[PDB]
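Shown below: final.cif, with mmCIF, C-alpha atoms.
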```
data_query
loop_
_atom_site.label_atom_id
_atom_site.label_comp_id
_atom_site.auth_asym_id
_atom_site.auth_seq_id
_atom_site.Cartn_x
_atom_site.Cartn_y
_atom_site.Cartn_z
CA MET A 1 5.51 -5.01 -2.03
CA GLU A 2 2.38 -5.08 -4.18
CA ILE A 3 -1.02 -3.34 -4.39
CA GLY A 4 -4.19 -5.30 -5.06
CA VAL A 5 -7.23 -3.71 -6.75
CA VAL A 6 -10.62 -5.11 -5.76
CA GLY A 7 -14.27 -4.24 -6.23
CA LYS A 8 -17.68 -5.41 -7.40
CA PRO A 9 -18.32 -5.49 -11.17
CA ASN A 10 -19.44 -2.41 -13.15
CA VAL A 11 -17.97 0.28 -10.88
CA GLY A 12 -14.83 0.61 -13.01
CA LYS A 13 -12.53 -1.65 -10.96
CA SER A 14 -10.99 -3.23 -14.07
CA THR A 15 -10.76 0.18 -15.73
CA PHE A 16 -8.90 1.53 -12.69
CA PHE A 17 -6.42 -1.32 -13.02
CA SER A 18 -6.20 -0.94 -16.82
CA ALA A 19 -5.84 2.81 -16.41
CA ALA A 20 -3.14 2.62 -13.74
CA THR A 21 -1.36 -0.32 -15.39
CA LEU A 22 -0.87 1.02 -18.97
CA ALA A 23 -1.35 -12.18 -16.64
CA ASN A 24 -3.43 -10.18 -14.16
CA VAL A 25 -0.31 -8.49 -12.81
CA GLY A 26 1.06 -5.15 -13.93
CA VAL A 27 3.18 -2.20 -12.93
CA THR A 28 1.91 1.20 -11.90
CA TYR A 29 4.05 4.04 -10.65
CA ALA A 30 4.62 6.20 -7.58
CA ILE A 31 5.07 9.85 -8.52
CA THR A 32 6.54 12.33 -6.10
CA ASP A 33 9.28 14.96 -6.29
CA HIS A 34 12.49 13.44 -7.64
CA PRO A 35 15.48 14.59 -5.51
CA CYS A 36 16.59 16.57 -8.55
CA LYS A 37 14.96 19.83 -7.52
CA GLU A 38 17.90 21.55 -5.78
CA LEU A 39 21.50 20.77 -6.70
CA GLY A 40 20.78 17.59 -8.60
CA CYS A 41 20.57 17.45 -12.38
CA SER A 42 20.54 14.90 -15.36
CA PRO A 43 20.15 11.67 -13.37
CA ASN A 44 20.85 8.28 -15.00
CA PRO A 45 17.94 6.16 -13.63
CA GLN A 46 17.95 2.37 -13.69
CA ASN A 47 15.28 0.96 -11.44
CA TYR A 48 12.99 3.95 -11.95
CA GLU A 49 12.38 6.87 -14.29
CA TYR A 50 12.96 10.60 -14.38
CA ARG A 51 10.24 12.94 -15.63
CA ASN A 52 9.94 16.73 -15.28
CA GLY A 53 11.56 16.93 -11.87
CA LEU A 54 9.40 14.05 -10.66
CA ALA A 55 10.33 10.52 -9.63
CA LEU A 56 8.24 7.70 -11.10
CA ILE A 57 9.06 4.66 -8.95
CA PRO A 58 7.51 1.35 -10.19
CA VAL A 59 5.09 -0.71 -8.07
CA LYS A 60 3.44 -4.10 -8.63
CA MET A 61 -0.33 -4.06 -9.08
CA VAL A 62 -2.78 -6.97 -9.22
CA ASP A 63 -6.22 -7.07 -10.86
CA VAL A 64 -7.93 -8.91 -7.98
CA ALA A 65 -11.09 -10.68 -9.15
CA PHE A 66 -10.07 -16.84 -7.28
CA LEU A 67 -10.10 -14.04 -4.69
CA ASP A 68 -6.73 -15.23 -3.37
CA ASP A 69 -4.98 -12.78 -5.67
CA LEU A 70 -5.02 -10.51 -2.62
CA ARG A 71 -3.28 -13.02 -0.32
CA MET A 72 0.13 -11.32 -0.70
CA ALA A 73 -1.10 -7.77 -1.09
CA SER A 74 0.56 -5.17 1.11
CA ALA A 75 -2.47 -2.97 0.53
CA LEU A 76 -5.67 -2.83 -1.39
CA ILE A 77 -7.38 -0.13 -3.40
CA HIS A 78 -11.10 -0.80 -3.06
CA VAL A 79 -12.97 0.76 -6.01
CA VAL A 80 -16.61 1.62 -5.34
CA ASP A 81 -19.49 3.29 -7.14
CA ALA A 82 -19.78 6.86 -5.81
CA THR A 83 -23.08 7.39 -7.62
CA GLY A 84 -24.45 4.46 -5.65
CA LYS A 85 -26.42 3.44 -8.72
CA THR A 86 -25.05 -0.12 -8.59
CA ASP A 87 -26.29 -3.25 -6.79
CA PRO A 88 -24.18 -5.33 -4.40
CA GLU A 89 -23.89 -7.90 -7.19
CA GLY A 90 -23.10 -5.00 -9.50
CA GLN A 91 -26.26 -4.32 -11.54
CA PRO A 92 -28.34 -1.10 -12.09
CA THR A 93 -30.43 0.11 -9.15
CA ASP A 94 -31.87 3.37 -7.83
CA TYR A 95 -29.51 3.73 -4.88
CA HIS A 96 -27.09 1.54 -2.95
CA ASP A 97 -24.82 3.10 -0.35
CA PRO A 98 -21.18 2.30 -1.29
CA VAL A 99 -20.44 2.30 2.44
CA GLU A 100 -22.17 -1.03 2.54
CA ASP A 101 -19.96 -2.67 -0.13
CA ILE A 102 -16.99 -1.44 1.85
CA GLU A 103 -18.21 -3.29 4.89
CA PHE A 104 -18.97 -6.33 2.73
CA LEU A 105 -15.37 -6.65 1.53
CA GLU A 106 -14.23 -5.96 5.09
CA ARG A 107 -15.99 -8.98 6.66
CA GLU A 108 -14.93 -11.38 3.91
CA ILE A 109 -11.25 -10.67 4.56
CA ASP A 110 -11.83 -10.75 8.30
CA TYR A 111 -13.51 -14.14 8.33
CA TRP A 112 -11.05 -15.55 5.79
CA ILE A 113 -8.11 -14.89 8.21
CA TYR A 114 -10.24 -15.96 11.16
CA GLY A 115 -11.12 -19.31 9.59
CA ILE A 116 -7.45 -20.09 9.00
CA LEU A 117 -6.74 -19.55 12.72
CA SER A 118 -9.99 -21.00 14.11
CA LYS A 119 -10.08 -24.18 12.02
CA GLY A 120 -7.83 -26.67 13.78
CA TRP A 121 -7.18 -24.07 16.46
CA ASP A 122 -7.41 -26.61 19.30
CA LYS A 123 -4.65 -28.82 17.84
CA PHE A 124 -2.58 -25.78 17.57
CA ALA A 125 -2.88 -24.32 21.06
CA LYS A 126 -1.74 -27.52 22.71
CA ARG A 127 1.07 -28.30 20.25
CA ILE A 128 2.56 -25.20 21.72
CA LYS A 129 1.58 -25.01 25.39
CA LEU A 130 3.74 -28.02 26.17
CA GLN A 131 6.15 -27.79 23.26
CA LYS A 132 6.37 -24.26 24.64
CA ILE A 133 6.61 -22.74 21.17
CA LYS A 134 6.66 -18.99 20.73
CA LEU A 135 3.04 -18.07 20.15
CA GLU A 136 3.91 -15.15 17.94
CA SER A 137 6.18 -17.33 15.77
CA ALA A 138 3.65 -20.15 15.51
CA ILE A 139 0.77 -17.92 14.44
CA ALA A 140 3.18 -16.01 12.20
CA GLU A 141 4.22 -19.19 10.42
CA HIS A 142 0.63 -20.32 10.22
CA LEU A 143 -0.38 -17.07 8.53
CA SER A 144 2.99 -16.51 6.80
CA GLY A 145 1.11 -17.13 3.58
CA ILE A 146 -0.66 -13.78 3.74
CA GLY A 147 2.32 -11.59 4.58
CA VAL A 148 2.18 -11.53 8.39
CA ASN A 149 5.38 -10.71 10.45
CA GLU A 150 6.13 -12.18 13.80
CA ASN A 151 6.18 -8.47 14.74
CA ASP A 152 2.65 -7.90 13.43
CA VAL A 153 1.51 -10.84 15.54
CA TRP A 154 3.34 -9.55 18.59
CA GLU A 155 1.67 -6.13 18.38
CA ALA A 156 -1.83 -7.35 17.64
CA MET A 157 -1.72 -9.65 20.64
CA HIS A 158 -0.18 -6.95 22.80
CA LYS A 159 -2.87 -4.52 21.70
CA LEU A 160 -5.75 -6.83 22.64
CA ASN A 161 -4.26 -8.11 25.91
CA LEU A 162 -4.09 -11.63 24.57
CA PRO A 163 -2.27 -14.43 26.42
CA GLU A 164 0.87 -16.30 25.44
CA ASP A 165 -1.00 -19.52 26.23
CA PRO A 166 -3.14 -20.06 23.13
CA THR A 167 -5.37 -22.63 24.90
CA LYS A 168 -6.74 -19.62 26.80
CA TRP A 169 -7.81 -17.85 23.56
CA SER A 170 -11.57 -17.68 22.92
CA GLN A 171 -13.42 -17.42 19.59
CA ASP A 172 -14.03 -13.77 20.37
CA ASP A 173 -10.28 -13.41 20.74
CA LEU A 174 -9.71 -15.07 17.40
CA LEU A 175 -12.14 -12.99 15.33
CA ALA A 176 -10.94 -9.83 17.09
CA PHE A 177 -7.35 -10.85 16.51
CA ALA A 178 -8.19 -11.62 12.88
CA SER A 179 -9.69 -8.17 12.33
CA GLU A 180 -6.66 -6.54 13.89
CA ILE A 181 -4.42 -8.46 11.48
CA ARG A 182 -6.46 -7.39 8.47
CA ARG A 183 -6.27 -3.74 9.51
CA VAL A 184 -2.47 -3.94 9.48
CA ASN A 185 -1.86 -6.64 6.80
CA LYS A 186 -4.62 -5.73 4.37
CA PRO A 187 -4.96 -1.96 4.80
CA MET A 188 -6.84 -0.29 2.02
CA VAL A 189 -7.66 2.91 0.26
CA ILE A 190 -11.10 3.45 -1.18
CA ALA A 191 -11.47 4.81 -4.69
CA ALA A 192 -14.94 6.39 -4.95
CA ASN A 193 -15.02 5.89 -8.71
CA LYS A 194 -17.28 7.52 -11.32
CA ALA A 195 -17.10 10.64 -9.16
CA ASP A 196 -17.58 12.80 -12.28
CA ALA A 197 -21.10 11.36 -12.57
CA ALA A 198 -21.74 12.01 -8.87
CA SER A 199 -22.50 15.10 -6.82
CA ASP A 200 -20.14 16.74 -4.31
CA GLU A 201 -22.77 15.89 -1.69
CA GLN A 202 -22.66 12.19 -2.52
CA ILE A 203 -18.87 12.11 -2.52
CA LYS A 204 -18.35 14.22 0.62
CA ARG A 205 -20.84 12.02 2.44
CA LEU A 206 -19.01 8.77 1.80
CA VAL A 207 -15.64 10.37 2.51
CA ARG A 208 -16.89 11.64 5.87
CA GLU A 209 -18.60 8.44 6.96
CA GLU A 210 -15.66 6.21 6.04
CA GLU A 211 -12.81 8.46 7.16
CA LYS A 212 -14.19 8.09 10.67
CA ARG A 213 -13.89 4.30 10.26
CA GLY A 214 -10.18 4.46 9.47
CA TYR A 215 -10.51 4.57 5.67
CA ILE A 216 -8.99 7.03 3.21
CA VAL A 217 -11.48 7.87 0.43
CA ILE A 218 -10.68 9.66 -2.80
CA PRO A 219 -13.06 10.58 -5.67
CA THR A 220 -11.98 9.12 -8.98
CA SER A 221 -12.75 8.84 -12.71
CA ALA A 222 -11.05 5.74 -14.06
CA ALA A 223 -12.47 5.83 -17.60
CA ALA A 224 -11.03 9.36 -17.82
CA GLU A 225 -7.41 8.71 -16.93
CA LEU A 226 -7.46 5.64 -19.13
CA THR A 227 -8.34 7.91 -22.01
CA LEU A 228 -5.71 10.59 -21.44
CA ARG A 229 -3.40 7.72 -20.59
CA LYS A 230 -4.36 5.91 -23.85
CA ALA A 231 -3.33 9.11 -25.35
CA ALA A 232 0.11 8.00 -26.43
CA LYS A 233 0.15 9.86 -29.59
CA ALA A 234 -2.49 12.65 -29.77
CA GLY A 235 -1.18 14.60 -26.69
CA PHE A 236 0.77 15.41 -23.42
CA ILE A 237 -0.32 13.90 -20.05
CA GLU A 238 1.63 12.99 -16.89
CA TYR A 239 -0.68 12.47 -15.12
CA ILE A 240 -2.11 15.12 -12.80
CA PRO A 241 -2.69 18.79 -13.73
CA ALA A 242 -10.28 16.69 -29.38
CA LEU A 243 -13.67 16.83 -27.69
CA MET A 244 -12.20 15.38 -24.52
CA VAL A 245 -11.94 18.92 -23.18
CA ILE A 246 -14.91 17.77 -21.11
CA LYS A 247 -12.57 15.70 -18.97
CA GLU A 248 -10.51 18.87 -18.75
CA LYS A 249 -13.69 20.53 -17.53
CA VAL A 250 -15.76 17.91 -15.71
CA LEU A 251 -12.42 16.89 -14.23
CA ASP A 252 -11.24 20.39 -13.57
CA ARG A 253 -13.49 20.03 -10.61
CA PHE A 254 -11.25 17.55 -8.69
CA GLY A 255 -7.80 18.70 -9.84
CA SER A 256 -7.04 15.37 -11.51
CA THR A 257 -8.50 11.95 -12.29
CA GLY A 258 -7.93 10.90 -8.70
CA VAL A 259 -6.28 7.66 -9.76
CA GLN A 260 -2.74 8.88 -9.21
CA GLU A 261 -3.75 10.34 -5.83
CA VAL A 262 -5.03 6.99 -4.60
CA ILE A 263 -1.77 5.22 -5.52
CA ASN A 264 0.36 7.87 -3.81
CA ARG A 265 -1.80 7.58 -0.66
CA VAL A 266 -1.34 3.82 -0.61
CA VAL A 267 2.47 3.97 -1.00
CA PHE A 268 3.38 7.08 1.02
CA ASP A 269 0.58 7.10 3.60
CA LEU A 270 -0.98 3.69 4.21
CA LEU A 271 2.28 1.80 3.95
CA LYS A 272 4.24 4.91 4.90
CA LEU A 273 7.02 4.29 2.39
CA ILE A 274 9.58 7.03 1.68
CA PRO A 275 11.93 7.29 -1.32
CA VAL A 276 15.67 6.87 -0.60
CA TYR A 277 18.71 6.87 -2.92
CA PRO A 278 22.03 5.07 -2.22
CA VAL A 279 25.18 6.41 -3.86
CA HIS A 280 28.88 5.54 -4.03
CA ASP A 281 29.99 9.13 -3.97
CA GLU A 282 28.18 11.93 -2.10
CA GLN A 283 29.51 2.26 -8.61
CA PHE A 284 29.71 2.07 -12.44
CA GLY A 285 29.72 5.86 -12.68
CA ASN A 286 26.06 6.80 -13.05
CA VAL A 287 24.41 9.44 -10.85
CA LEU A 288 21.46 8.63 -8.54
CA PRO A 289 21.05 5.19 -10.25
CA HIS A 290 18.55 3.55 -7.88
CA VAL A 291 15.68 4.44 -5.59
CA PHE A 292 14.20 2.34 -2.83
CA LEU A 293 10.87 2.52 -1.05
CA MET A 294 11.86 2.26 2.62
CA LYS A 295 9.47 1.93 5.52
CA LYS A 296 9.58 4.95 7.83
CA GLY A 297 11.79 4.03 10.78
CA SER A 298 14.34 2.39 8.51
CA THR A 299 18.01 3.19 8.94
CA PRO A 300 20.90 3.32 6.48
CA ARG A 301 21.93 -0.19 7.40
CA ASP A 302 18.43 -1.27 6.36
CA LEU A 303 19.03 0.55 3.10
CA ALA A 304 22.24 -1.51 2.75
CA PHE A 305 20.33 -4.81 2.84
CA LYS A 306 17.93 -3.72 0.14
CA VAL A 307 21.00 -3.48 -2.10
CA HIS A 308 22.82 -6.63 -0.97
CA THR A 309 23.32 -9.03 1.95
CA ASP A 310 27.05 -8.30 2.32
CA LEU A 311 26.68 -4.54 2.07
CA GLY A 312 24.31 -4.90 5.00
CA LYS A 313 26.56 -7.31 6.85
CA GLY A 314 29.79 -5.38 6.40
CA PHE A 315 28.02 -2.13 7.31
CA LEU A 316 30.10 0.43 9.16
CA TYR A 317 28.30 3.76 8.78
CA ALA A 318 26.56 6.13 6.39
CA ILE A 319 26.85 9.71 5.18
CA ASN A 320 23.95 12.05 4.43
CA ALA A 321 24.67 13.07 0.82
CA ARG A 322 22.81 16.28 1.58
CA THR A 323 24.15 17.48 4.93
CA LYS A 324 27.48 15.94 3.94
CA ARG A 325 28.02 14.66 7.46
CA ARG A 326 28.17 11.26 9.11
CA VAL A 327 24.80 10.00 10.34
CA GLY A 328 24.02 8.00 13.47
CA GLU A 329 23.44 4.24 13.31
CA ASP A 330 19.97 4.80 14.62
CA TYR A 331 19.33 7.51 12.04
CA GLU A 332 15.86 7.39 10.56
CA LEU A 333 15.71 7.70 6.79
CA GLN A 334 13.64 10.76 5.91
CA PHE A 335 11.61 11.31 2.75
CA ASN A 336 13.90 11.72 -0.26
CA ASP A 337 17.23 11.20 1.52
CA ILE A 338 20.51 10.73 -0.49
CA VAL A 339 22.93 8.37 1.25
CA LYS A 340 26.48 6.97 1.06
CA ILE A 341 26.95 3.46 2.48
CA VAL A 342 30.30 2.37 3.90
CA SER A 343 30.85 -1.36 4.30
CA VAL A 344 33.85 -3.56 5.05
#
```
Same coordinates, now as structure tokens:
Amino acid sequence: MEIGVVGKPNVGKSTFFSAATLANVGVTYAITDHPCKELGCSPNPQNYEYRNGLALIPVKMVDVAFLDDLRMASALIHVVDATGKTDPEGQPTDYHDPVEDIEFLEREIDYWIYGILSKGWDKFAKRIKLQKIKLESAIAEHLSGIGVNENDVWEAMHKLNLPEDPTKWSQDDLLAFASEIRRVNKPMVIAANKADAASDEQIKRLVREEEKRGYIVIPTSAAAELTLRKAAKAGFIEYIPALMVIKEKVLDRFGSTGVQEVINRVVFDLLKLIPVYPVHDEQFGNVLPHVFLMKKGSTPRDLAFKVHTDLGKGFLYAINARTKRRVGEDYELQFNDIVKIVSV
């Protein structure tokens, strides 16, 4: 899993990456309540990090800007100019609705996917109508390079009443199918950056307009968190809650720099990942050693495979290290679950 950061120049896109990442790849973090707010205490973390009762789980991040750095992205954070004082090409102007740069990015990803399907698409439909290939699998392989599942393909098709016989697919079907793939394969969160220099009216307007279109929009001040981040000597940040007291003030207005919020919304909401911790006793003797981002709907056996092939293969059953009782095989991992895996 990895998050790509995209945007036009001069809206703080690079700053957002720099800020959240402190060659073009880095590691940011997913902060939520670490299980150790109940009975749990002094954890010995290995794949993550403990911090004031909060779990900081690492996540790959890419400075996308050559725009095939997004190809494998599970999600994108699209940084835009909330003040709307930037041109499409990214240069000073009186007013340019960010909502239009959002759509710009949108169509480029849509047609990119569409061209891969469309180009050739005749000498694909017939290599499969007689060879009888599985349409889902064939498209899936063909777009395997972007991160598409045979399940994603199955659903998209199912959702748009498309036929198993590709030769019956029209161009309209292709573009529509492409868009549906983007929505699921390249979901994004919009960072309305430079919010501090914008009015509540400007921000609220873009949030409203775009949240109706299926986009999550959060105000943000990248330059700010980079500062208090790039405070690793002169003072204590986390980050959420000397003349930089202005950021304390002019960013007392949002409750934070917004950067951290965007990353949590991508991980926990967009992708719907939930933290889960596998134990040996509800191996080498450390407590709550690892944490895994599981997709909601996962089961303990799925948690077994994240650890190792055999654990998953020799799976017998699991125990909820909280309830202390044996779970079902169809049990759905819930946010922040502690689990014991039993394998032959």
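If you look at atom CA of residue 244 of chain A and atom CA of residue 10 of chain A, they are 22.3 Å away from each other.
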Hits from the PyMOL selection byres ((chain A and resi 218-220) around 10), listed as a ChimeraX atom specification: /A:12,16,79-82,189-196,198,200,203-204,206-207,215-217,221-225,251,254,256-262,265
Test item: the PyMOL selection byres ((chain A and resi 169) around 12) resolved as a ChimeraX atom specification: /A:117-118,121-122,124-126,129,135,157,160-168,170-177
The PyMOL selection byres ((chain A and resi 154) around 10) - which residues does that actually catch in the file I just gave you? List them as a compact mmCIF listing (two decimals) with C-alpha atoms, keeping the file's coordinate frame.
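Ended up saving to out_22.txt:
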```txt
# COMPACT_ATOMS: atom_id res chain seq x y z
CA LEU A 135 3.04 -18.07 20.15
CA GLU A 136 3.91 -15.15 17.94
CA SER A 137 6.18 -17.33 15.77
CA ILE A 139 0.77 -17.92 14.44
CA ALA A 140 3.18 -16.01 12.20
CA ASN A 149 5.38 -10.71 10.45
CA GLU A 150 6.13 -12.18 13.80
CA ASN A 151 6.18 -8.47 14.74
CA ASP A 152 2.65 -7.90 13.43
CA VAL A 153 1.51 -10.84 15.54
CA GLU A 155 1.67 -6.13 18.38
CA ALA A 156 -1.83 -7.35 17.64
CA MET A 157 -1.72 -9.65 20.64
CA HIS A 158 -0.18 -6.95 22.80
CA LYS A 159 -2.87 -4.52 21.70
CA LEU A 162 -4.09 -11.63 24.57
CA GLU A 164 0.87 -16.30 25.44
```
Find the nearest atom pair between each residue of segment 102-188 of chain A and segment 55-69 of chain A for residues within 12 Å, count all atoms listed in the file, give distances in Å to one decimal, sort rows by chain and ascending number, and present the table as a Markdown table.
```
| residue | atom | partner | partner_atom | distance |
| --- | --- | --- | --- | --- |
| A:105 | CA | A:67 | CA | 11.0 |
| A:108 | CA | A:67 | CA | 10.2 |
| A:109 | CA | A:67 | CA | 9.9 |
| A:112 | CA | A:68 | CA | 10.1 |
| A:113 | CA | A:68 | CA | 11.7 |
| A:145 | CA | A:68 | CA | 10.6 |
| A:146 | CA | A:68 | CA | 9.5 |
```
Hey, which bits of segment 15-115 of chain A sit within 9 Å of segment 324-337 of chain A, and for each residue what's the closest pair of atoms and how far apart in Å (one decimal), counting all atoms listed in the file, rows by chain and increasing number, as a Markdown table?
```
| residue | atom | partner | partner_atom | distance |
| --- | --- | --- | --- | --- |
| A:33 | CA | A:336 | CA | 8.3 |
| A:34 | CA | A:336 | CA | 7.7 |
| A:35 | CA | A:336 | CA | 6.2 |
```
Counting only C-alpha atoms, find the residues whose atoms lie at most 12 Å from (21.2, 15.9, -14.2) (file coordinates) and write them out as a PDB file with C-alpha atoms, in the coordinates of the input.
```
ATOM      1  CA  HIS A  34      12.490  13.440  -7.640  1.00  0.00           C
ATOM      2  CA  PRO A  35      15.480  14.590  -5.510  1.00  0.00           C
ATOM      3  CA  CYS A  36      16.590  16.570  -8.550  1.00  0.00           C
ATOM      4  CA  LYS A  37      14.960  19.830  -7.520  1.00  0.00           C
ATOM      5  CA  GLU A  38      17.900  21.550  -5.780  1.00  0.00           C
ATOM      6  CA  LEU A  39      21.500  20.770  -6.700  1.00  0.00           C
ATOM      7  CA  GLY A  40      20.780  17.590  -8.600  1.00  0.00           C
ATOM      8  CA  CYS A  41      20.570  17.450 -12.380  1.00  0.00           C
ATOM      9  CA  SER A  42      20.540  14.900 -15.360  1.00  0.00           C
ATOM     10  CA  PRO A  43      20.150  11.670 -13.370  1.00  0.00           C
ATOM     11  CA  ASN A  44      20.850   8.280 -15.000  1.00  0.00           C
ATOM     12  CA  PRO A  45      17.940   6.160 -13.630  1.00  0.00           C
ATOM     13  CA  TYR A  50      12.960  10.600 -14.380  1.00  0.00           C
ATOM     14  CA  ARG A  51      10.240  12.940 -15.630  1.00  0.00           C
ATOM     15  CA  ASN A  52       9.940  16.730 -15.280  1.00  0.00           C
ATOM     16  CA  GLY A  53      11.560  16.930 -11.870  1.00  0.00           C
ATOM     17  CA  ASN A 286      26.060   6.800 -13.050  1.00  0.00           C
ATOM     18  CA  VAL A 287      24.410   9.440 -10.850  1.00  0.00           C
ATOM     19  CA  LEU A 288      21.460   8.630  -8.540  1.00  0.00           C
ATOM     20  CA  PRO A 289      21.050   5.190 -10.250  1.00  0.00           C
TER      21      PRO A 289
END
```
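We find atom CA of residue 270 of chain A and atom CA of residue 187 of chain A to be spaced 6.9 Å apart.
Our summary of the geometry notes that atom CA of residue 142 of chain A is positioned 20.2 Å from atom CA of residue 1 of chain A.
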Contacts of residue 96 of chain A at 8 Å (only C-alpha atoms; same-chain gap of 3+ positions) as a PyMOL selection string: chain A and resi 84-88+93+100
Given only C-alpha atoms as the counted atoms, nearest of A:130, A:339, A:102, A:274 to residue 214 of chain A: A:102
Radius query 6 Å about (26.5, 7.9, 3.8), atoms used: all atoms listed in the file, as an MDAnalysis selection string: chainID A and resid 318:320 339:341
Nearby residues (only C-alpha atoms) at most 10 Å from segment 228-237 of chain A, same-chain spacing under 6 positions excluded, as a PyMOL selection string: chain A and resi 18-22+244+247-248+257
Just to be explicit: take each residue in the selection above, keep C-alpha atoms, and write the result as a short mmCIF file (atom, residue, chain, number, x, y, z; two decimals), in the frame of the given file.
```cif
data_model
loop_
_atom_site.label_atom_id
_atom_site.label_comp_id
_atom_site.auth_asym_id
_atom_site.auth_seq_id
_atom_site.Cartn_x
_atom_site.Cartn_y
_atom_site.Cartn_z
CA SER A 18 -6.20 -0.94 -16.82
CA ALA A 19 -5.84 2.81 -16.41
CA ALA A 20 -3.14 2.62 -13.74
CA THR A 21 -1.36 -0.32 -15.39
CA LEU A 22 -0.87 1.02 -18.97
CA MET A 244 -12.20 15.38 -24.52
CA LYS A 247 -12.57 15.70 -18.97
CA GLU A 248 -10.51 18.87 -18.75
CA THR A 257 -8.50 11.95 -12.29
#
```
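Minimum atom-to-atom distances from A:343, A:283, A:185, A:132 to residue 309 of chain A were compared using all atoms listed in the file, and the lowest value belongs to A:343.
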Residue with smallest distance to residue 143 of chain A - pool A:71, A:94, A:76, A:316, counting all atoms listed in the file: A:71
